[PDB]
Amino acid sequence: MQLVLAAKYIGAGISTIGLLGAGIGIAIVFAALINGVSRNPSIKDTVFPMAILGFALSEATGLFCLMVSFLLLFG
Amino acid sequence: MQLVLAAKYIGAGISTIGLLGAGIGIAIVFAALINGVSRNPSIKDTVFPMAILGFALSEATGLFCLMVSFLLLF
Amino acid sequence: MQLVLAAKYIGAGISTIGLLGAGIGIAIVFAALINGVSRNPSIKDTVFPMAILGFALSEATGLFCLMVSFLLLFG
Amino acid sequence: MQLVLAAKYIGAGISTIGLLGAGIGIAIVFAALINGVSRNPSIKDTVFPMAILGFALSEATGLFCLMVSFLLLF
Amino acid sequence: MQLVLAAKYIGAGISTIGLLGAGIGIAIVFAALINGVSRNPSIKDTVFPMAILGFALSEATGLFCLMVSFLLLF
Amino acid sequence: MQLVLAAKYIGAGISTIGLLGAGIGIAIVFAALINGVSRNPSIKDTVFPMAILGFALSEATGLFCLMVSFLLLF
Amino acid sequence: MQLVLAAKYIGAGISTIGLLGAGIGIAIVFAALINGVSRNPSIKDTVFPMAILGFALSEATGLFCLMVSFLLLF
Amino acid sequence: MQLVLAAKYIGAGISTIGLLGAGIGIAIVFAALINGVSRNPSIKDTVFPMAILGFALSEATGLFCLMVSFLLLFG
Amino acid sequence: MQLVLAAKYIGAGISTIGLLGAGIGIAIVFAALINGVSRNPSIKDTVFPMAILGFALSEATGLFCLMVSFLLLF
Amino acid sequence: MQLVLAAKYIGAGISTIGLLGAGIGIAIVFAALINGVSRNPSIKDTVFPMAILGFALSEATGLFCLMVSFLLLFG
Ligand SMILES: CC[C@H]1/C=C/C=C/C[C@@H](C)[C@H](O)[C@@](C)(O)C(=O)[C@@H](C)[C@H](O)[C@@H](C)C(=O)[C@@H](C)[C@H](O)[C@@H](C)/C=C/C(=O)O[C@@H]2[C@H](C)[C@H](C[C@H]1O)O[C@]1(CC[C@H](C)[C@H](C[C@@H](C)O)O1)[C@H]2C
Ligand SMILES: CC[C@H]1/C=C/C=C/C[C@@H](C)[C@H](O)[C@@](C)(O)C(=O)[C@@H](C)[C@H](O)[C@@H](C)C(=O)[C@@H](C)[C@H](O)[C@@H](C)/C=C/C(=O)O[C@@H]2[C@H](C)[C@H](C[C@H]1O)O[C@]1(CC[C@H](C)[C@H](C[C@@H](C)O)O1)[C@H]2C
Ligand SMILES: CC[C@H]1/C=C/C=C/C[C@@H](C)[C@H](O)[C@@](C)(O)C(=O)[C@@H](C)[C@H](O)[C@@H](C)C(=O)[C@@H](C)[C@H](O)[C@@H](C)/C=C/C(=O)O[C@@H]2[C@H](C)[C@H](C[C@H]1O)O[C@]1(CC[C@H](C)[C@H](C[C@@H](C)O)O1)[C@H]2C
Ligand SMILES: CC[C@H]1/C=C/C=C/C[C@@H](C)[C@H](O)[C@@](C)(O)C(=O)[C@@H](C)[C@H](O)[C@@H](C)C(=O)[C@@H](C)[C@H](O)[C@@H](C)/C=C/C(=O)O[C@@H]2[C@H](C)[C@H](C[C@H]1O)O[C@]1(CC[C@H](C)[C@H](C[C@@H](C)O)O1)[C@H]2C
Ligand SMILES: CC[C@H]1/C=C/C=C/C[C@@H](C)[C@H](O)[C@@](C)(O)C(=O)[C@@H](C)[C@H](O)[C@@H](C)C(=O)[C@@H](C)[C@H](O)[C@@H](C)/C=C/C(=O)O[C@@H]2[C@H](C)[C@H](C[C@H]1O)O[C@]1(CC[C@H](C)[C@H](C[C@@H](C)O)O1)[C@H]2C
Ligand SMILES: CC[C@H]1/C=C/C=C/C[C@@H](C)[C@H](O)[C@@](C)(O)C(=O)[C@@H](C)[C@H](O)[C@@H](C)C(=O)[C@@H](C)[C@H](O)[C@@H](C)/C=C/C(=O)O[C@@H]2[C@H](C)[C@H](C[C@H]1O)O[C@]1(CC[C@H](C)[C@H](C[C@@H](C)O)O1)[C@H]2C
């Protein structure tokens with residue numbers, strides 16, 4: 001039982017690494033939004049909803065990591 | 001059996017690392033969509049389906065990681 | 001319980017790796033803000049709130065990593 | 001025997017890491033497709049099959065990782 | 001106790017890895033400041049405070065890592 | 001013998017990590033082909049063979065990884 | 001006690017990894033300095049101190065890694 | 001000698017990680033060749049041999065990794 | 001004493017990972033030098049000393065990794 | 001003695017990871033050379049020696065990794 005609990009806790013820590021991908025990805029989307037609006041201010045209403053979509057889909061990959069993390073810690 | 005079970009749990013956590021690739025990739029697709037539409041608004045209906053295709057294929061790679069994670073967990 | 005405690009502490013350290021994503025991502029958003037405003041000074045009031053939103057969403061991924069780290073350390 | 005089975009499961013988890021390369025690469029190809037079509041709409045029919053090829057070849061690297069992963073699991 | 005102590009030291013070393021994000025991120029912000037000012041010198045006074053804010057927020061992620069490090073050490 | 005066998009399986013999983021380089025690299029080559037052709041359609045016939053050569057040389061690095069993998073497995 | 005000392009030495013080695021962030025970041029700042037001066041020579045006196053600041057702040061992240069490394073070694 | 005053999009095999013696997021550098025780098029050189037020739041077709045005969053040199057020097061780093069891998073495996 | 005000695009050797013190898021940062025960073029500096037000189041030949045004597053400074057600072061980060069490696073080895 | 005030899009062999013494998021940096025870096029230099037020559041063919045004789053310098057300094061970082069590798073394997 002000591003070994004299994006220990007393994008759950010190391011596994012939980014490892015499971016958060018993947019979150020770096022969403023941290024970077026979310027930023028890449030918003031950088032594009034900002035550069036896109038600076039170059040063509042009139043496009044704002046068109047690209048803003050695209051940024052929201054991109055951020056959310058990128059963020060979901062981190063959510064999956066965090067889900068495994070919580071399953072290990074509790075489930 | 002303790003050691004094997006422990007290995008499954010460590011393995012399950014390792015199996016999520018690869019999801020960082022979909023995290024970045026999905027974003028790269030949407031960044032190109034935003035930049036391409038900003039430079040050429042009239043191209044939006046043409047490239048939007050390309051971004052959806054691109055994002056879905058990038059995501060699938062991460063979903064295959066998660067699948068191995070759940071195989072190990074359960 | 002030595003093995004489990006040992007695992008909590010190593011797991012806590014591992015759980016901070018993911019914070020490199022927010023460190024890079026936050027910077028990516030601000031670099032876009034700077035470049036966007038340099039190319040088009042008049043867009044500042046428009047893109048500054050987008051940069052704030054972008055920072056916060058990227059930052060959140062780091063918060064989730066640090067949350068797991070502290071759970072392993074203390075909770 | 002706990003050791004061998006354990007190693008199979010840890011090994012399978014490690015084997016998914018490389019999938020991050022396909023997650024990013026697939027995205028890089030579709031980003032270029034999107035940027036390329038936005039700058040030159042008339043080029044779409046020429047570059048689209050190139051992007052399909054690029055995706056498939058990048059994706060195959062991920063299939064190889066998954067193959068080793070399943071070999072270890074089963 | 002020796003095993004737990006060992007773990008604290010290993011964990012403290014692992015906890016510094018994430019500082020590489022701040023190392024790169026601080027530099028990304030300063031690169032943008034430099035390129036921004038070079039292309040448009042008149043914008044210096046506007047973008048400099050933005051660069052201070054950006055690098056401070058990026059560096060704080062590294063400080064959160066170093067904090068866990070020092071929690072494990074002391 | 002069990003320990004050596006365990007090591008072969010762990011090593012085989014570790015040996016697939018380097019395939020991410022090919023995943024990204026193949027995609028970098030195709031991105032350049034797409035952007036190159038979009039900017040200058042007339043150059044297609046010249047740059048396409050260069051892209052085949054480039055992706056083949058990039059993918060071979062991944063194949064060298066997979067070879068070590070299969071040496072350890074079989 | 002072999003365990004604690006061992007952990008100090010492994011931990012110290014791990015603690016240097018983050019230095020890669022300063023190696024890349026320092027380079028990113030100087031690249032921007034170089035590109036910025038090439039595009040606008042008259043801006044040199046304004047951007048050079050900014051690049052010194054950027055280097056120093058990126059470098060400090062590496063100093064923090066090394067600090068933990070020496071704390072573990074001694 | 002079980003422990004030493006085990007270590008040779010894990011070490012061999014680890015030694016292939018470095019090959020991702022050549023995989024990315026080789027591609028970076030060829031992408032520049034393609035982009036360079038697209039922008040200036042007449043420069044092809046000049047830059048093609050530079051791309052060949054670049055590929056070979058990047059590739060060599062991968063050769064060194066594979067050399068250690070095979071030394072661990074066989075030598 | 002066997003375990004401690006073993007830890008030093010594993011540690012020494014881990015301590016070299018961070019050199020990848022100087023490997024990339026040195027290159028980033030020289031890439032900017034080449035591109036800046038190509039676009040503005042007359043700026044060469046001004047930026048060349050900047051590249052030498054940039055490369056040396058980037059390299060130092062890797063040299064600090066190697067230093068920890070040799071401390072552990074000997 | 002089993003433990004120390006095993007450690008030397010794992011350490012040797014780990015020591016080659018850093019080579020990926022030179023693999024990528026060498027390529028970054030040559031990509032710049034190629035793009036620089038495509039844009040300004042007349043600059044070739046000036047930038048080629050700079051590429052050689054950059055490649056060599058980048059390559060030396062991989063050499064340092066490989067040195068530790070060989071010290072572990074033999075020394
Ligand atoms: C499906 C994937 C994501 C969904 C995105 C939906 C986007 C639509 C869009 C309109 C957003 O909701 C948006 C931009 O308005 C938004 O983020 C809202 C909710 C938010 O309040 C905005 C305005 C905001 O100011 C943020 C920065 C807020 O101040 C801070 C506290 C939240 C940060 C954050 O990352 O929240 C996440 C996120 C929304 C994520 C978002 C994801 O759920 O949700 C939260 C809350 C629910 C669970 C617990 C998730 C777990 C993560 C790991 O998936 O964390 C929560 C915890
Ligand atoms: C949703 C996620 C984030 C929320 C963002 C909200 C943004 C809106 C926006 C208007 C902010 O309020 C903003 C820009 O004004 C801001 O960040 C303020 C609060 C901040 O003081 C800024 C201006 C500032 O000066 C920074 C650089 C300050 O000097 C230093 C000490 C703080 C750095 C830092 O990272 O703080 C974090 C951050 C706000 C983050 C921000 C996150 O909470 O919060 C803190 C506090 C709670 C926990 C401990 C988190 C953990 C990190 C990893 O998320 O760190 C705290 C501790
Ligand atoms: C080199 C091998 C690859 C082949 C590519 C061939 C490309 C040609 C091109 C015309 C395609 O067929 C294309 C674009 O039409 C296509 O992918 C179709 C079939 C696909 O349905 C498209 C339209 C689609 O909508 C996708 C996004 C679909 O909605 C989702 C569910 C599938 C995602 C996905 O990654 O599937 C993969 C992929 C095709 C990949 C593609 C690879 O097989 O195959 C699948 C099935 C086989 C195994 C399990 C692989 C594992 C990956 C990691 O290699 O995933 C399968 C599972
Ligand atoms: C935030 C702290 C940093 C401070 C930066 C200050 C910058 C101001 C700026 C005017 C400098 O002084 C500058 C550019 O003149 C400078 O660095 C001088 C002192 C330096 O001699 C320059 C001209 C030089 O030629 C360098 C390349 C020199 O030849 C070589 C031997 C030094 C490389 C090096 O990295 O030194 C570091 C660095 C200054 C760093 C710089 C940091 O201390 O310090 C050293 C010494 C202290 C510790 C051991 C650190 C460890 C690193 C990883 O933080 O390395 C020392 C060891
Ligand atoms: C100095 C380092 C490299 C030398 C490069 C010399 C370049 C000069 C240039 C004119 C070449 O000869 C070039 C472009 O024509 C070339 O690569 C030829 C030989 C090659 O056949 C090309 C055109 C080719 O078609 C490739 C894609 C071929 O189809 C496939 C099967 C080979 C891929 C590959 O990576 O081979 C490597 C490579 C040449 C590498 C190349 C390296 O040796 O060699 C091989 C053979 C020796 C060992 C096993 C190395 C290990 C790798 C990791 O270095 O792989 C071999 C096995
Ligand atoms: C100081 C750091 C580096 C020195 C660079 C000097 C550059 C000057 C420049 C004129 C070169 O010599 C250059 C471009 O002409 C060159 O590489 C020559 C030697 C080479 O023959 C060129 C023309 C060539 O065609 C290459 C691609 C050749 O076909 C293949 C077999 C060599 C690849 C290679 O990476 O060689 C390395 C390299 C030169 C490296 C280069 C490094 O030593 O040297 C070799 C041989 C000596 C030792 C064993 C090193 C160990 C590495 C890890 O440092 O490997 C050797 C093994």
# chains A, B, ... in the order shown; residues from 1 in each chain; ligands from 1
>>> calpha_fit_and_write(fixed="chain C", moving="chain A", output="tab-separated table (two decimals) with N, CA, C and O atoms, in the first residue's frame")
chain	number	residue	atom	x	y	z
A	1	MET	N	5.30	5.05	5.77
A	1	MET	CA	5.09	6.49	5.90
A	1	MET	C	6.25	7.27	5.34
A	1	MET	O	6.02	8.24	4.58
A	2	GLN	N	7.61	6.92	5.56
A	2	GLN	CA	8.85	7.49	4.95
A	2	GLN	C	8.74	7.59	3.43
A	2	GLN	O	9.06	8.62	2.85
A	3	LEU	N	8.27	6.52	2.80
A	3	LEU	CA	8.17	6.44	1.35
A	3	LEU	C	7.15	7.43	0.79
A	3	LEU	O	7.40	8.08	-0.22
A	4	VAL	N	6.01	7.55	1.47
A	4	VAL	CA	4.92	8.43	1.02
A	4	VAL	C	5.29	9.91	1.12
A	4	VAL	O	5.05	10.68	0.18
A	5	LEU	N	5.85	10.30	2.27
A	5	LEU	CA	6.35	11.67	2.45
A	5	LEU	C	7.40	12.05	1.41
A	5	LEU	O	7.33	13.13	0.82
A	6	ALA	N	8.35	11.15	1.18
A	6	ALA	CA	9.40	11.35	0.16
A	6	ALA	C	8.79	11.57	-1.22
A	6	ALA	O	9.21	12.45	-1.97
A	7	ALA	N	7.79	10.76	-1.53
A	7	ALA	CA	7.08	10.84	-2.79
A	7	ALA	C	6.34	12.17	-2.94
A	7	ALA	O	6.29	12.73	-4.03
A	8	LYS	N	5.77	12.66	-1.84
A	8	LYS	CA	5.06	13.95	-1.85
A	8	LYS	C	6.03	15.06	-2.18
A	8	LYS	O	5.70	15.99	-2.90
A	9	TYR	N	7.25	14.94	-1.66
A	9	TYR	CA	8.25	15.99	-1.82
A	9	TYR	C	8.88	16.01	-3.23
A	9	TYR	O	9.11	17.08	-3.78
A	10	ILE	N	9.13	14.83	-3.79
A	10	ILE	CA	9.60	14.73	-5.17
A	10	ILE	C	8.49	15.22	-6.11
A	10	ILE	O	8.74	16.03	-6.98
A	11	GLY	N	7.27	14.72	-5.91
A	11	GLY	CA	6.10	15.16	-6.68
A	11	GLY	C	5.90	16.67	-6.66
A	11	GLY	O	5.56	17.27	-7.69
A	12	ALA	N	6.09	17.29	-5.49
A	12	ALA	CA	5.97	18.75	-5.37
A	12	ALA	C	6.99	19.49	-6.25
A	12	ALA	O	6.65	20.47	-6.92
A	13	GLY	N	8.23	19.01	-6.24
A	13	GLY	CA	9.26	19.56	-7.11
A	13	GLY	C	8.92	19.41	-8.59
A	13	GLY	O	9.07	20.34	-9.36
A	14	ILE	N	8.46	18.22	-8.98
A	14	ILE	CA	8.09	17.95	-10.38
A	14	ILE	C	6.95	18.85	-10.86
A	14	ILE	O	6.95	19.32	-12.01
A	15	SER	N	6.02	19.14	-9.95
A	15	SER	CA	4.81	19.95	-10.20
A	15	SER	C	5.09	21.39	-10.60
A	15	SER	O	4.23	22.07	-11.14
A	16	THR	N	6.29	21.88	-10.31
A	16	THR	CA	6.62	23.26	-10.68
A	16	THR	C	7.16	23.41	-12.11
A	16	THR	O	7.21	24.52	-12.65
A	17	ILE	N	7.55	22.29	-12.74
A	17	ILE	CA	8.10	22.31	-14.11
A	17	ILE	C	7.15	23.04	-15.06
A	17	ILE	O	7.58	23.92	-15.81
A	18	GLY	N	5.86	22.71	-14.98
A	18	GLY	CA	4.84	23.29	-15.86
A	18	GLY	C	4.76	24.81	-15.86
A	18	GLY	O	4.29	25.42	-16.83
A	19	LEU	N	5.24	25.42	-14.78
A	19	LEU	CA	5.30	26.89	-14.65
A	19	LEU	C	6.12	27.56	-15.74
A	19	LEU	O	5.92	28.75	-16.04
A	20	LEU	N	7.08	26.84	-16.31
A	20	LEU	CA	7.88	27.41	-17.40
A	20	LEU	C	6.98	27.85	-18.55
A	20	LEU	O	7.33	28.78	-19.27
A	21	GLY	N	5.83	27.18	-18.70
A	21	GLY	CA	4.90	27.48	-19.80
A	21	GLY	C	4.28	28.86	-19.66
A	21	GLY	O	4.21	29.62	-20.64
A	22	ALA	N	3.84	29.19	-18.44
A	22	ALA	CA	3.35	30.53	-18.12
A	22	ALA	C	4.49	31.56	-18.18
A	22	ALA	O	4.30	32.67	-18.66
A	23	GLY	N	5.68	31.21	-17.70
A	23	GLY	CA	6.82	32.14	-17.82
A	23	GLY	C	7.08	32.59	-19.26
A	23	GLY	O	7.31	33.78	-19.53
A	24	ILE	N	7.03	31.63	-20.19
A	24	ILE	CA	7.21	31.92	-21.61
A	24	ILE	C	5.96	32.58	-22.20
A	24	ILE	O	6.05	33.58	-22.93
A	25	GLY	N	4.79	32.04	-21.87
A	25	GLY	CA	3.56	32.54	-22.43
A	25	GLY	C	3.29	33.99	-22.07
A	25	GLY	O	2.94	34.79	-22.95
A	26	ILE	N	3.48	34.35	-20.79
A	26	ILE	CA	3.25	35.73	-20.35
A	26	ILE	C	4.09	36.67	-21.20
A	26	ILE	O	3.60	37.68	-21.69
A	27	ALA	N	5.33	36.28	-21.40
A	27	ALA	CA	6.27	37.05	-22.20
A	27	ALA	C	5.83	37.19	-23.67
A	27	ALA	O	5.92	38.26	-24.23
A	28	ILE	N	5.34	36.11	-24.26
A	28	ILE	CA	4.85	36.13	-25.65
A	28	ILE	C	3.72	37.17	-25.82
A	28	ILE	O	3.69	37.93	-26.79
A	29	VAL	N	2.82	37.23	-24.85
A	29	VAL	CA	1.71	38.19	-24.88
A	29	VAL	C	2.23	39.63	-24.81
A	29	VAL	O	1.83	40.50	-25.62
A	30	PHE	N	3.09	39.90	-23.84
A	30	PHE	CA	3.62	41.25	-23.71
A	30	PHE	C	4.49	41.67	-24.90
A	30	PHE	O	4.44	42.84	-25.28
A	31	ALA	N	5.23	40.72	-25.50
A	31	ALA	CA	6.01	41.03	-26.71
A	31	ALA	C	5.09	41.49	-27.84
A	31	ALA	O	5.40	42.45	-28.54
A	32	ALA	N	3.93	40.82	-27.99
A	32	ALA	CA	2.94	41.19	-28.99
A	32	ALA	C	2.35	42.58	-28.72
A	32	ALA	O	2.17	43.39	-29.65
A	33	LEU	N	2.08	42.86	-27.44
A	33	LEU	CA	1.57	44.17	-27.00
A	33	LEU	C	2.52	45.28	-27.40
A	33	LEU	O	2.11	46.29	-28.01
A	34	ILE	N	3.79	45.09	-27.06
A	34	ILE	CA	4.85	46.02	-27.39
A	34	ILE	C	5.01	46.21	-28.92
A	34	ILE	O	5.05	47.34	-29.40
A	35	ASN	N	5.09	45.11	-29.67
A	35	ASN	CA	5.24	45.23	-31.11
A	35	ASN	C	3.98	45.83	-31.74
A	35	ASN	O	4.07	46.65	-32.65
A	36	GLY	N	2.81	45.49	-31.21
A	36	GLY	CA	1.56	46.03	-31.72
A	36	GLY	C	1.42	47.53	-31.50
A	36	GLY	O	0.96	48.25	-32.39
A	37	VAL	N	1.82	47.99	-30.31
A	37	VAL	CA	1.80	49.42	-30.01
A	37	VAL	C	2.87	50.20	-30.80
A	37	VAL	O	2.60	51.30	-31.26
A	38	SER	N	4.07	49.64	-30.97
A	38	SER	CA	5.13	50.31	-31.73
A	38	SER	C	4.68	50.57	-33.18
A	38	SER	O	4.93	51.64	-33.74
A	39	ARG	N	4.00	49.59	-33.76
A	39	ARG	CA	3.52	49.69	-35.15
A	39	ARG	C	2.28	50.58	-35.31
A	39	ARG	O	2.12	51.22	-36.33
A	40	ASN	N	1.40	50.58	-34.31
A	40	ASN	CA	0.16	51.35	-34.35
A	40	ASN	C	-0.12	51.91	-32.95
A	40	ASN	O	-0.91	51.34	-32.20
A	41	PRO	N	0.58	53.01	-32.57
A	41	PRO	CA	0.41	53.60	-31.24
A	41	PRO	C	-1.05	53.89	-30.90
A	41	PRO	O	-1.43	53.71	-29.75
A	42	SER	N	-1.85	54.27	-31.90
A	42	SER	CA	-3.28	54.55	-31.68
A	42	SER	C	-4.08	53.33	-31.19
A	42	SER	O	-5.15	53.51	-30.62
A	43	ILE	N	-3.57	52.10	-31.38
A	43	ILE	CA	-4.33	50.89	-30.95
A	43	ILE	C	-4.16	50.53	-29.46
A	43	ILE	O	-4.80	49.60	-28.96
A	44	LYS	N	-3.28	51.24	-28.76
A	44	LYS	CA	-2.91	50.90	-27.37
A	44	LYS	C	-4.07	50.54	-26.41
A	44	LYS	O	-4.02	49.50	-25.74
A	45	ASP	N	-5.09	51.39	-26.36
A	45	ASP	CA	-6.23	51.21	-25.45
A	45	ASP	C	-7.05	49.98	-25.80
A	45	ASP	O	-7.73	49.42	-24.93
A	46	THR	N	-7.01	49.58	-27.07
A	46	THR	CA	-7.73	48.38	-27.54
A	46	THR	C	-6.95	47.09	-27.18
A	46	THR	O	-7.54	46.12	-26.70
A	47	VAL	N	-5.63	47.09	-27.39
A	47	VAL	CA	-4.85	45.85	-27.22
A	47	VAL	C	-4.37	45.61	-25.79
A	47	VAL	O	-4.08	44.47	-25.41
A	48	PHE	N	-4.24	46.68	-25.01
A	48	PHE	CA	-3.79	46.53	-23.63
A	48	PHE	C	-4.74	45.62	-22.84
A	48	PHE	O	-4.27	44.69	-22.20
A	49	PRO	N	-6.07	45.86	-22.89
A	49	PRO	CA	-6.94	44.91	-22.19
A	49	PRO	C	-6.85	43.45	-22.69
A	49	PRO	O	-7.06	42.53	-21.90
A	50	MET	N	-6.55	43.25	-23.97
A	50	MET	CA	-6.33	41.91	-24.54
A	50	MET	C	-5.07	41.25	-23.98
A	50	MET	O	-5.06	40.04	-23.75
A	51	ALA	N	-4.02	42.04	-23.77
A	51	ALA	CA	-2.79	41.54	-23.17
A	51	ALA	C	-3.04	41.11	-21.72
A	51	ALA	O	-2.53	40.10	-21.27
A	52	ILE	N	-3.84	41.89	-21.00
A	52	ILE	CA	-4.13	41.57	-19.59
A	52	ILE	C	-4.88	40.24	-19.52
A	52	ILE	O	-4.51	39.37	-18.71
A	53	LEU	N	-5.89	40.08	-20.39
A	53	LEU	CA	-6.64	38.83	-20.51
A	53	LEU	C	-5.72	37.65	-20.84
A	53	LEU	O	-5.78	36.61	-20.18
A	54	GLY	N	-4.89	37.82	-21.87
A	54	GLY	CA	-3.97	36.75	-22.30
A	54	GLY	C	-3.00	36.34	-21.21
A	54	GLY	O	-2.84	35.15	-20.93
A	55	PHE	N	-2.36	37.33	-20.59
A	55	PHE	CA	-1.45	37.08	-19.47
A	55	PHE	C	-2.16	36.28	-18.37
A	55	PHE	O	-1.59	35.32	-17.86
A	56	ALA	N	-3.39	36.67	-18.04
A	56	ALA	CA	-4.09	36.06	-16.91
A	56	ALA	C	-4.46	34.62	-17.19
A	56	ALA	O	-4.37	33.77	-16.30
A	57	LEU	N	-4.92	34.35	-18.41
A	57	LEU	CA	-5.28	33.00	-18.81
A	57	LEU	C	-4.04	32.11	-18.91
A	57	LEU	O	-4.08	30.95	-18.51
A	58	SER	N	-2.95	32.66	-19.42
A	58	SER	CA	-1.69	31.91	-19.48
A	58	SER	C	-1.16	31.62	-18.06
A	58	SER	O	-0.80	30.48	-17.75
A	59	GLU	N	-1.15	32.65	-17.22
A	59	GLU	CA	-0.74	32.55	-15.81
A	59	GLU	C	-1.55	31.50	-15.01
A	59	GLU	O	-1.01	30.82	-14.13
A	60	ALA	N	-2.84	31.38	-15.31
A	60	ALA	CA	-3.69	30.42	-14.60
A	60	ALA	C	-3.20	28.96	-14.76
A	60	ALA	O	-3.35	28.16	-13.82
A	61	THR	N	-2.61	28.63	-15.92
A	61	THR	CA	-2.05	27.30	-16.15
A	61	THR	C	-0.90	27.01	-15.18
A	61	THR	O	-0.76	25.89	-14.71
A	62	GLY	N	-0.10	28.03	-14.89
A	62	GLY	CA	0.96	27.89	-13.90
A	62	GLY	C	0.38	27.75	-12.50
A	62	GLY	O	0.90	26.98	-11.68
A	63	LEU	N	-0.68	28.51	-12.22
A	63	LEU	CA	-1.39	28.41	-10.95
A	63	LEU	C	-1.86	26.98	-10.68
A	63	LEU	O	-1.71	26.49	-9.56
A	64	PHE	N	-2.42	26.32	-11.69
A	64	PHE	CA	-2.83	24.92	-11.55
A	64	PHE	C	-1.68	24.01	-11.15
A	64	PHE	O	-1.86	23.10	-10.32
A	65	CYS	N	-0.49	24.26	-11.71
A	65	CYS	CA	0.70	23.48	-11.38
A	65	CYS	C	1.07	23.70	-9.93
A	65	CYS	O	1.30	22.75	-9.18
A	66	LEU	N	1.14	24.97	-9.55
A	66	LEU	CA	1.45	25.39	-8.20
A	66	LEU	C	0.43	24.87	-7.15
A	66	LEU	O	0.80	24.54	-6.03
A	67	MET	N	-0.84	24.81	-7.53
A	67	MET	CA	-1.89	24.19	-6.70
A	67	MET	C	-1.59	22.72	-6.36
A	67	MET	O	-1.65	22.32	-5.20
A	68	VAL	N	-1.26	21.92	-7.38
A	68	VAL	CA	-0.90	20.51	-7.15
A	68	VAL	C	0.34	20.46	-6.27
A	68	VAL	O	0.43	19.66	-5.35
A	69	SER	N	1.29	21.35	-6.54
A	69	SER	CA	2.51	21.44	-5.75
A	69	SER	C	2.19	21.61	-4.26
A	69	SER	O	2.71	20.87	-3.40
A	70	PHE	N	1.30	22.56	-3.96
A	70	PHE	CA	0.97	22.88	-2.58
A	70	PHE	C	0.12	21.79	-1.93
A	70	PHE	O	0.29	21.52	-0.74
A	71	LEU	N	-0.75	21.16	-2.71
A	71	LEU	CA	-1.53	20.02	-2.23
A	71	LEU	C	-0.61	18.88	-1.80
A	71	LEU	O	-0.83	18.25	-0.76
A	72	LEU	N	0.43	18.63	-2.59
A	72	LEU	CA	1.42	17.61	-2.26
A	72	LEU	C	2.23	17.96	-1.02
A	72	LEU	O	2.43	17.11	-0.14
A	73	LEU	N	2.67	19.22	-0.93
A	73	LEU	CA	3.49	19.70	0.19
A	73	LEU	C	2.72	19.77	1.52
A	73	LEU	O	3.31	19.62	2.58
A	74	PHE	N	1.42	20.03	1.45
A	74	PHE	CA	0.66	20.27	2.66
A	74	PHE	C	-0.59	19.41	2.77
A	74	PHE	O	-0.76	18.70	3.76
A	75	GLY	N	-1.44	19.46	1.75
A	75	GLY	CA	-2.73	18.77	1.74
A	75	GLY	C	-2.60	17.26	1.78
A	75	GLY	O	-2.67	16.66	2.86
>>> closest_atom_pairs(of="chain F", to="ligand 5", cutoff="9 Å", atoms="only C-alpha atoms and all ligand atoms", output="Markdown table")
| residue | atom | partner | partner_atom_place_in_ligand_line | distance |
| --- | --- | --- | --- | --- |
| F:52 | CA | ligand 5 | 27 (C) | 8.3 |
| F:53 | CA | ligand 5 | 27 (C) | 5.7 |
| F:54 | CA | ligand 5 | 27 (C) | 7.5 |
| F:55 | CA | ligand 5 | 27 (C) | 7.9 |
| F:56 | CA | ligand 5 | 27 (C) | 4.6 |
| F:57 | CA | ligand 5 | 27 (C) | 4.6 |
| F:58 | CA | ligand 5 | 35 (O) | 7.3 |
| F:59 | CA | ligand 5 | 35 (O) | 7.8 |
| F:60 | CA | ligand 5 | 35 (O) | 4.7 |
| F:61 | CA | ligand 5 | 53 (C) | 6.2 |
| F:63 | CA | ligand 5 | 35 (O) | 8.6 |
| F:64 | CA | ligand 5 | 53 (C) | 6.9 |
>>> residues_around(residues="residue 2 of chain E", least_positions_apart="4", cutoff="8 Å", atoms="only C-alpha atoms", output="compact mmCIF listing (two decimals) with N, CA, C and O atoms, in the first residue's frame")
# COMPACT_ATOMS: atom_id res chain seq x y z
N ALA E 6 16.51 12.91 1.76
CA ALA E 6 17.01 12.73 0.39
C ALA E 6 16.02 13.30 -0.63
O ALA E 6 16.42 14.03 -1.56
N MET G 1 22.95 7.59 5.43
CA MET G 1 23.71 8.80 5.13
C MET G 1 24.23 8.83 3.73
O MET G 1 24.21 9.93 3.13
N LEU G 3 22.47 7.82 1.32
CA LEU G 3 21.26 8.26 0.63
C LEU G 3 21.14 9.79 0.57
O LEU G 3 20.82 10.36 -0.48
N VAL G 4 21.42 10.45 1.70
CA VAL G 4 21.30 11.90 1.80
C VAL G 4 22.37 12.60 0.95
O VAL G 4 22.05 13.50 0.17
